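Novice: So here's model-v6.txt, just compact mmCIF, C-alpha atoms:
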# COMPACT_ATOMS: atom_id res chain seq x y z
CA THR A 4 -120.46 -35.97 -41.23
CA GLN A 5 -123.46 -33.80 -40.26
CA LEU A 6 -122.81 -34.64 -36.55
CA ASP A 7 -119.25 -33.39 -36.82
CA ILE A 8 -120.39 -30.16 -38.49
CA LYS A 9 -123.01 -29.44 -35.80
CA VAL A 10 -120.53 -30.18 -32.99
CA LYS A 11 -117.79 -27.95 -34.45
CA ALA A 12 -120.28 -25.17 -35.12
CA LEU A 13 -121.09 -25.07 -31.38
CA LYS A 14 -117.56 -25.64 -30.10
CA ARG A 15 -116.36 -22.74 -32.20
CA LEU A 16 -119.14 -20.43 -31.00
CA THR A 17 -118.33 -21.07 -27.32
CA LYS A 18 -114.62 -20.56 -28.01
CA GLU A 19 -115.42 -17.17 -29.55
CA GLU A 20 -117.48 -16.15 -26.51
CA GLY A 21 -114.40 -16.86 -24.38
CA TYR A 22 -112.31 -14.76 -26.74
CA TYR A 23 -114.73 -11.83 -26.57
CA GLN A 24 -115.05 -12.17 -22.78
CA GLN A 25 -111.26 -11.66 -22.47
CA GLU A 26 -111.47 -8.40 -24.45
CA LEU A 27 -114.41 -7.20 -22.36
CA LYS A 28 -112.55 -7.91 -19.12
CA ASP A 29 -109.42 -6.14 -20.36
CA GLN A 30 -111.43 -3.06 -21.38
CA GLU A 31 -113.20 -2.83 -18.01
CA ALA A 32 -109.84 -2.81 -16.23
CA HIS A 33 -108.79 0.10 -18.38
CA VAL A 34 -111.99 2.08 -17.68
CA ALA A 35 -111.65 1.31 -13.96
CA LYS A 36 -108.20 2.87 -13.87
CA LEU A 37 -109.34 6.05 -15.64
CA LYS A 38 -112.46 6.33 -13.45
CA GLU A 39 -110.43 6.06 -10.26
CA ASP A 40 -108.03 8.81 -11.29
CA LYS A 41 -109.85 12.09 -10.67
CA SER A 42 -107.16 14.00 -12.57
CA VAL A 43 -108.48 12.42 -15.81
CA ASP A 44 -110.58 14.56 -18.12
CA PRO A 45 -114.19 13.38 -18.40
CA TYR A 46 -113.92 13.31 -22.24
CA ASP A 47 -111.07 10.78 -22.22
CA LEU A 48 -113.04 8.61 -19.81
CA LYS A 49 -116.16 8.89 -22.03
CA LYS A 50 -114.25 7.84 -25.18
CA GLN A 51 -113.31 4.64 -23.33
CA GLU A 52 -116.73 4.06 -21.78
CA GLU A 53 -118.43 4.35 -25.15
CA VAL A 54 -115.99 1.75 -26.57
CA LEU A 55 -116.77 -0.68 -23.70
CA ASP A 56 -120.52 -0.28 -24.33
CA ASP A 57 -119.97 -1.36 -27.94
CA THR A 58 -118.04 -4.46 -26.99
CA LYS A 59 -120.80 -5.38 -24.46
CA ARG A 60 -123.64 -5.09 -27.00
CA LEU A 61 -121.96 -7.94 -28.92
CA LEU A 62 -122.60 -10.55 -26.20
CA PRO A 63 -126.42 -10.66 -26.21
CA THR A 64 -126.63 -11.79 -29.83
CA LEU A 65 -123.76 -14.15 -29.30
CA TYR A 66 -125.70 -15.95 -26.49
CA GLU A 67 -128.78 -16.13 -28.74
CA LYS A 68 -126.76 -18.12 -31.29
CA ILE A 69 -125.09 -20.33 -28.68
CA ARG A 70 -128.61 -21.33 -27.61
CA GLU A 71 -129.82 -22.03 -31.21
CA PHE A 72 -126.68 -23.97 -31.98
CA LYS A 73 -127.06 -25.96 -28.77
CA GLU A 74 -130.72 -26.74 -29.38
CA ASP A 75 -129.95 -27.71 -32.91
CA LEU A 76 -127.34 -30.19 -31.71
CA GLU A 77 -129.60 -31.55 -28.94
CA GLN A 78 -132.52 -32.07 -31.38
CA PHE A 79 -130.20 -33.81 -33.84
CA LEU A 80 -129.02 -36.20 -31.12
CA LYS A 81 -132.54 -37.31 -30.06
CA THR A 82 -133.00 -39.07 -33.42
CA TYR A 83 -129.39 -40.02 -34.16
CA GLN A 84 -128.97 -43.63 -35.24
CA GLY A 85 -125.47 -43.37 -36.62
CA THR A 86 -122.47 -45.23 -35.33
CA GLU A 87 -120.27 -42.29 -34.24
CA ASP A 88 -119.31 -41.79 -30.60
CA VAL A 89 -121.50 -38.88 -29.39
CA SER A 90 -119.46 -38.05 -26.31
CA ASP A 91 -117.88 -34.92 -27.85
CA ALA A 92 -121.36 -33.72 -28.84
CA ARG A 93 -122.73 -34.20 -25.29
CA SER A 94 -119.67 -32.46 -23.87
CA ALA A 95 -120.14 -29.52 -26.24
CA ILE A 96 -123.82 -29.22 -25.16
CA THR A 97 -122.86 -29.22 -21.45
CA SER A 98 -120.23 -26.50 -21.84
CA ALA A 99 -122.65 -24.32 -23.82
CA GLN A 100 -125.39 -24.91 -21.19
CA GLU A 101 -123.00 -23.99 -18.38
CA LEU A 102 -122.35 -20.68 -20.15
CA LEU A 103 -126.01 -19.87 -20.76
CA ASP A 104 -126.75 -20.59 -17.07
CA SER A 105 -123.79 -18.61 -15.67
CA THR B 4 -100.35 12.74 -18.96
CA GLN B 5 -103.23 13.59 -21.28
CA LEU B 6 -100.94 13.02 -24.29
CA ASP B 7 -100.10 9.47 -23.15
CA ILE B 8 -103.78 8.70 -22.54
CA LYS B 9 -104.79 9.82 -26.06
CA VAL B 10 -101.90 7.91 -27.68
CA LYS B 11 -102.70 4.70 -25.80
CA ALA B 12 -106.41 5.03 -26.47
CA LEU B 13 -105.62 5.04 -30.21
CA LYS B 14 -102.93 2.34 -30.16
CA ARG B 15 -105.28 -0.01 -28.35
CA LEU B 16 -108.01 0.57 -30.87
CA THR B 17 -105.72 -0.26 -33.79
CA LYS B 18 -104.49 -3.39 -31.99
CA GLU B 19 -108.15 -4.45 -31.37
CA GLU B 20 -108.95 -4.09 -35.11
CA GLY B 21 -106.09 -6.46 -35.86
CA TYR B 22 -107.47 -8.96 -33.35
CA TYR B 23 -110.96 -8.78 -34.85
CA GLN B 24 -109.46 -9.02 -38.35
CA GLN B 25 -107.90 -12.40 -37.39
CA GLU B 26 -111.26 -13.76 -36.20
CA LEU B 27 -112.94 -12.62 -39.42
CA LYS B 28 -110.29 -14.23 -41.63
CA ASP B 29 -110.55 -17.53 -39.76
CA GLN B 30 -114.38 -17.56 -40.09
CA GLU B 31 -114.34 -16.97 -43.87
CA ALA B 32 -111.95 -19.90 -44.27
CA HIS B 33 -114.46 -22.06 -42.43
CA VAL B 34 -117.48 -20.86 -44.41
CA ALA B 35 -115.45 -21.32 -47.62
CA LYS B 36 -114.92 -25.02 -46.86
CA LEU B 37 -118.60 -25.65 -46.17
CA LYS B 38 -119.62 -23.72 -49.29
CA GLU B 39 -117.43 -25.80 -51.64
CA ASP B 40 -118.79 -29.08 -50.26
CA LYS B 41 -122.13 -29.52 -51.99
CA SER B 42 -123.02 -32.46 -49.73
CA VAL B 43 -123.53 -29.93 -46.87
CA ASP B 44 -127.04 -29.20 -45.65
CA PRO B 45 -128.16 -25.61 -46.47
CA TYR B 46 -129.03 -24.99 -42.82
CA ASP B 47 -125.56 -25.90 -41.50
CA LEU B 48 -123.93 -23.60 -44.03
CA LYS B 49 -126.44 -20.87 -43.16
CA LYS B 50 -125.67 -21.13 -39.40
CA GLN B 51 -122.08 -20.30 -40.25
CA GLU B 52 -122.79 -17.56 -42.76
CA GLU B 53 -125.08 -15.73 -40.34
CA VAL B 54 -122.30 -15.79 -37.71
CA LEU B 55 -119.79 -14.44 -40.21
CA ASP B 56 -122.17 -11.56 -41.06
CA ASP B 57 -122.37 -10.63 -37.39
CA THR B 58 -118.60 -10.56 -36.99
CA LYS B 59 -118.39 -8.28 -40.03
CA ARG B 60 -120.96 -5.77 -38.66
CA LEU B 61 -118.46 -5.07 -35.85
CA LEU B 62 -115.78 -3.63 -38.14
CA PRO B 63 -117.51 -0.51 -39.48
CA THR B 64 -118.22 0.95 -36.03
CA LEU B 65 -114.67 0.07 -35.08
CA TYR B 66 -113.25 2.09 -38.00
CA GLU B 67 -115.48 5.02 -37.07
CA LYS B 68 -113.90 5.06 -33.58
CA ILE B 69 -110.38 4.75 -34.91
CA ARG B 70 -111.03 7.86 -37.01
CA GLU B 71 -112.54 9.80 -34.05
CA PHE B 72 -109.68 8.80 -31.79
CA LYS B 73 -107.26 9.74 -34.58
CA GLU B 74 -108.84 13.14 -35.04
CA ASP B 75 -108.85 13.78 -31.32
CA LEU B 76 -105.13 13.05 -31.12
CA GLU B 77 -104.38 15.13 -34.25
CA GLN B 78 -106.32 18.09 -32.85
CA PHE B 79 -104.61 17.82 -29.45
CA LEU B 80 -101.19 17.93 -31.15
CA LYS B 81 -101.90 21.14 -33.11
CA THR B 82 -101.74 23.16 -29.89
CA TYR B 83 -99.37 21.04 -27.82
CA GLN B 84 -96.71 22.98 -25.90
CA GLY B 85 -95.47 20.33 -23.52
CA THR B 86 -92.06 18.84 -23.20
CA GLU B 87 -92.91 15.24 -24.10
CA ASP B 88 -91.51 13.61 -27.21
CA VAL B 89 -94.47 13.34 -29.64
CA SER B 90 -92.90 10.79 -32.01
CA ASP B 91 -95.01 7.96 -30.60
CA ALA B 92 -98.15 10.05 -31.15
CA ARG B 93 -97.26 10.83 -34.79
CA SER B 94 -96.44 7.15 -35.29
CA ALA B 95 -99.78 6.13 -33.81
CA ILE B 96 -101.57 8.59 -36.16
CA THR B 97 -99.79 7.22 -39.23
CA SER B 98 -100.66 3.60 -38.47
CA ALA B 99 -104.29 4.51 -37.88
CA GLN B 100 -104.40 6.49 -41.14
CA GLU B 101 -102.86 3.61 -43.10
CA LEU B 102 -105.61 1.34 -41.76
CA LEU B 103 -108.44 3.69 -42.72
CA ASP B 104 -106.96 4.16 -46.21
CA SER B 105 -106.52 0.44 -46.94
Give the structure from the file, written as structure tokens.
Specialist:
Amino acid sequence: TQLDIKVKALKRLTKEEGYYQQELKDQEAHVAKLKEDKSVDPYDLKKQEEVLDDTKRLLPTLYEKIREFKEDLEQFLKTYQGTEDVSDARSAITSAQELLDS
Amino acid sequence: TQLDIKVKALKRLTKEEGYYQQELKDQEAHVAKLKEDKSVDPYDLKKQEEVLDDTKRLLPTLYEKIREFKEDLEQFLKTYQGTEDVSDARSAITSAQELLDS
């Protein structure tokens, strides 16, 4: 059903954001360790910093799509006359909204 | 040691590529299913295709960094005089090279 497709599209986008946020947190820990050790060569620290920057640039566009996907689902629900239970859809919208606000 | 830092830097990049390659494979499976179903609204399919395209854009820059990190490690080894066992380094270089050649 179209409802099901729109809900899964959003649920899968928010799950991916979580996945990417794990990576980003793990990379920052690694850069923190190198930055704290003054015996580390600035070039080896830079290689790692430049990689973090790349990962980070991914998030902005991801949040742009989470918003579109959320708005799409919300607009679809305002005129929905079907018989399906829309609780999962509402719950998906709330979780996405929480993320955008955080 | 500087050797260990360079080896790890590279090994973590090749492990990241594998992670991102899983995400990509899972997204194409999803888009594939929506593309076969002709009952699906062009816009819902498009939402998914656009996301796939983004995921893909991430790989090229990732391969560029694997090569740079590979070359940095290879260059470091040409003049290495330490006492550490460099088998792990050579092994890291080989896996990275396989990836880039595939």
Novice: Near stretch 76-93 of chain B, within 12 Å and counting all atoms listed in the file, which residues show up once chain neighbours fewer than 3 positions away are dropped, as a PyMOL selection string?
Specialist: (chain A and resi 47) or (chain B and resi 4-14+69-73+96-100)
Novice: With a distance threshold of 10 Å and counting all atoms listed in the file, extract the residues of chain A near chain B and express them as number ranges by chain.
Specialist: A: 4-5, 8-9, 12, 15-16, 19, 22-23, 26, 30, 33, 37, 42-44, 47-48, 50-51, 53-54, 57-58, 61, 64-65, 68, 71-72, 75
Novice: Kindly give the distance, in Å, that separates atom CA of residue A:46 and atom CA of residue B:74, rounded to a single decimal.
Specialist: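 Separation of atom CA of residue A:46 and atom CA of residue B:74: 13.8 Å.
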Novice: Can you tell me how far atom CA of residue B:18 sits from atom CA of residue B:66, in Å to one decimal?
Specialist: 12.0 Å
Novice: Just the number, please: distance in Å from atom CA of residue A:101 to atom CA of residue A:17, one decimal.
Specialist: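 About the pair atom CA of residue A:101 and atom CA of residue A:17: they are 10.5 Å apart.
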